[PDB]
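Reckoned from all heavy atoms, side chains included, excluding hydrogens, waters and symmetry mates. The sequence lines fix the lettering, A, B, ..., with proteins before strands; numbering per chain opens at 1.
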Amino acid sequence: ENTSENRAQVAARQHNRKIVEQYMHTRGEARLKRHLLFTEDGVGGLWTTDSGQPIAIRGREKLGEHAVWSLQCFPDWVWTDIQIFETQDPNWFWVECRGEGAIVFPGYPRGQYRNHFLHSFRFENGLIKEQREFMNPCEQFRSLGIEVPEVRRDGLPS
Amino acid sequence: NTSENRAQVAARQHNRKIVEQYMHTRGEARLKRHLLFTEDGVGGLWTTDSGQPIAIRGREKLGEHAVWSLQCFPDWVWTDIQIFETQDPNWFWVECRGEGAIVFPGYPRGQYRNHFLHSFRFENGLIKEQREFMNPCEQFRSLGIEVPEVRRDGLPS
Ligand SMILES: O=C(O)c1cc(Br)ccc1N[C@H]1CCC[C@@H](C(=O)O)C1
Ligand SMILES: O=C(O)c1cc(Br)ccc1N[C@H]1CCC[C@@H](C(=O)O)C1
């Protein structure tokens, strides 16, 4: 039904989608201003780590400061194969994508990193309140020359 | 309010019920979870230490796989289940937790807990493709496997 309230939900979803698109296409020195897409208290970061705990970057300013490090350590990064999923919540989206680029972490050799990613984006007032990255840390270990632990699944049917 | 749209709404509602039922399947009922899939339906684990998915292809293979899964994760429960519909009536995402004993050949019995994302795509009201995404490091830990620590030298606080 075409009511003011359904219309408002559609408008919000449409706006938020454009910000997801923008986020996912932000490259190069533009990454130094990606933080401006977030609420002042917005959070971003990596939810799949070797320690099992997220690394959460809290606050728009902290995200901007973080961008300096990310641009250093992933100097040519691009997201590819981007699929945006709207949800029943006009303020929540998921993205499935791939990503590739050099990885330049001090203490490791320079390497090439490729992974499969899921990102979660939650909005408030048309800015991102929470972004979260989910990936397979093992592919990052590979890129850094770190030996990947192996699980044997004996008896797993074929 | 158009038949195209009434059809999609119905398909999405039907498919959501199937996602709910999959997520709440426990115990011996797991031996029949494969009945939720198309005959050629695929399920499995998309985040593995090898970097390649472990795909289980076909309804019959998924039922055979259930035997293994019930032995290796004998009391498994999904919890904190959040179901995301999408613009596609035939594609859902689930974010949840899961926990239970892990009992793999050649590793000490453990307690495995993880955070999960599942993707479910549908055809003809049955699951055509289910994919699990988790952090393999938590599964290493549950099996007593040492996990390396990545150092992020510049990383601000
Ligand atoms: O992979 C990490 O070590 C990582 C650590 C924190 Br903490 C946050 C995010 C992380 N993932 C990267 C992957 C490459 C692009 C990059 C970006 O888009 O800023 C983010
Ligand atoms: O974690 C694995 O080793 C794994 C291997 C393949 Br092959 C497929 C799925 C896997 N994940 C489990 C996690 C516990 C519940 C279980 C189930 O719901 O059947 C599936």
Throw together a table of side-chain donor-acceptor distances under 3.5 angstrom for residues 66-81 of chain A, partners on residues two or more places apart or in other chains.
unit_1, atom_1, unit_2, atom_2, d
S70(A), OG, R31(A), NH2, 3.1
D76(A), OD1, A102(A), N, 2.8

Check: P106(A) main-chain N/O paired with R151(B) side-chain donor or acceptor under 3.5 Å: no
Of the listed residues (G107(A), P157(A), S51(A)), which shares the most heavy-atom pairs with chain B below a 4.5 Å separation? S51(A)
A side-chain contact here means heavy atoms from C-beta on lying under 4.5 Å apart; do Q88(A) and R16(B) qualify? yes
To the closest 0.5 Å, what do you measure between CD (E139(A)) and OG1 (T48(B))? 7.5 Å
Are the side chains of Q82(B) and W92(A) in contact, using a 4.5 Å heavy-atom criterion? yes
With a 4.5 angstrom heavy-atom cut-off, is it the side chain or the backbone of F141(A) that approaches chain B, or both, or neither? side chain
Assigning hydrophobic clusters by single linkage (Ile, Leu, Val, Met, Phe, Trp, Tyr; side-chain heavy-atom cutoff under 4.5 Å), is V94(B) placed with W46(B)? no
Would you call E86(A) and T86(B) a side-chain contact if the rule is heavy atoms closer than 4.5 Å? no
Relative to chain B, which segment of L156(A) carries a heavy atom at a distance below 4.5 Å: side chain, backbone, both, or neither? both
Bottom line for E147(A): the part with an atom under 4.5 Å from chain B's heavy atoms is backbone
Step through the shown structure and confirm whether more than 12 heavy atoms of other residues, nucleotides or ligands are within 6.0 Å of CD on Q112(A). yes
Interface moiety of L46(A) toward chain B, non-hydrogen atoms closer than 4.5 Å: side chain
Mind checking whether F116(B) and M23(B) sit in one hydrophobic cluster, side chains of I, L, V, M, F, W, Y counted as touching below 4.5 Å? yes
For each of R13(A), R153(A), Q140(A), tally heavy-atom pairs with chain B at distances under 4.5 Å, and name the one with the top tally. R153(A)
So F85(A) and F84(B), side chain to side chain contact (heavy atoms under 4.5 Å, CB included) or not? Walk me through it. CA-CA 9 Å; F85(A) 301 95; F84(B) 302 94; over 6 Å; no
Please flag which part of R141(B) lies under 4.5 Å from any non-hydrogen atom of chain A: side chain, backbone, both or neither. side chain
side-chain contact (heavy atoms from CB on, under 4.5 Å) partners of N1(B), counting only residues at least two apart: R6(B)
A side-chain contact here means heavy atoms from C-beta on lying under 4.5 Å apart; do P148(B) and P149(A) qualify? yes
Do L143(B) and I54(B) sit in one hydrophobic cluster, given that two such residues count as connected whenever their side-chain heavy atoms are within less than 4.5 Å of each other, even indirectly? yes
Taking side chain as everything from C-beta outward and backbone as N, CA, C, O, which of these in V148(A) sits under 4.5 Å from a heavy atom of chain B? Side chain, backbone, both or neither. side chain
When you compare the side chain of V150(B) with that of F105(A), does any pair of heavy atoms fall below 4.5 Å? yes
In the single-linkage hydrophobic clustering (I, L, V, M, F, W, Y; side-chain heavy atoms under 4.5 Å), do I19(A) and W94(A) co-cluster? no
Inter-chain contacts: residues 117-135 of chain B against chain A, heavy atoms under 4.5 Å: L117(B), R131(B), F133(B), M134(B), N135(B)
Chain A neighbours within residues 56-64 of chain B, where any heavy atom lies under 4.5 Å away: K61(B), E64(B)
So if you build clusters from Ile, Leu, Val, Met, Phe, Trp, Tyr with side-chain heavy-atom gaps below 4.5 Å, do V104(A) and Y113(A) land together? no
